[PDB]
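As structure tokens, one chain now follows by itself in the form deposited without sulbactam (0RN).
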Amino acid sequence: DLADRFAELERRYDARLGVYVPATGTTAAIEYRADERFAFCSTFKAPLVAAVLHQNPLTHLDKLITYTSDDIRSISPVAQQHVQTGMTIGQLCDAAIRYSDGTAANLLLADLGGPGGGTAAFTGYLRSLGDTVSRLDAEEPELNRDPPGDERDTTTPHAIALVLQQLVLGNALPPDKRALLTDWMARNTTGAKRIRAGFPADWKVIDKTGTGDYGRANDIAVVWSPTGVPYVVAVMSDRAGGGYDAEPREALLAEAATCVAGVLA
């Protein structure tokens, strides 16, 4: 049916494509490879900000964090500019969502405390939203490098979409914290060529991207139709066959999001 197209795209770009758009009162539920495990990569950075938000007061956003040049290990465009002054918890939230800052992600994990530097506490947080499948085991940048077939640091389209839906459209957070999250995802700068590129311009789009090795490119989004009806879109992909240094094809996610737009029209 529509699952014919998705394997047409897989065939074309050399990928494993996974998609999930939850069912709404008015539409079916799009699923392709929906419950197979794909790597989080940087898509975890969004439920991480919600985790900090959920368990701390808004005054906590002003607490100042200091760090060293030794702490800067991954792609970190914002953390390298304030290595001397430090960044507050709140600025690290902004940096982690809108620029995908790898170092603010490691710092915000450490602010969740617990064994292994906050990865135990984080998965524990996803479990409170009912998600028993996803798991985070490492930090940045290693959480991007697990071999294909390893269950460490993996989620599924089905799983991450239902979590995101509770965080943006649901009751997982009170409104004051809820609007902070949504605004950051709404002014994201890294997904302009992925899901955002596949929907017409009068659809409003918030997203948070992921990229890793083995050609891994993901994008999780919340979208609004020209008349205001919201849907949640989960799109993930890797290219295990091509090898560790395989290149990610973002036009693959842009096209598969067009396919979603057609059924929702």
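Residue indices: 1-based, along the sequence shown.
FYI, the form solved in complex with sulbactam (0RN) isn't displayed, but the following is about it.
Contact annotation: of the candidates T119, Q165, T156, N144, the single residue with a non-hydrogen atom within 4.5 angstroms of sulbactam (0RN) in the deposited bound form is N144.
Residue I75 is the only one of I75, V133, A179, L169 with a heavy atom lying within 4.5 Å of sulbactam (0RN) in the deposited bound form. Looking at sulbactam (0RN) in the deposited bound form, residues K45, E140 and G212 each place a heavy atom within 4.5 Å of it. Only one segment in the set 223-231, 57-65, 204-212, 29-37 has residues whose heavy atoms sit within 4.5 Å of sulbactam (0RN) in the deposited bound form; it is 204-212.
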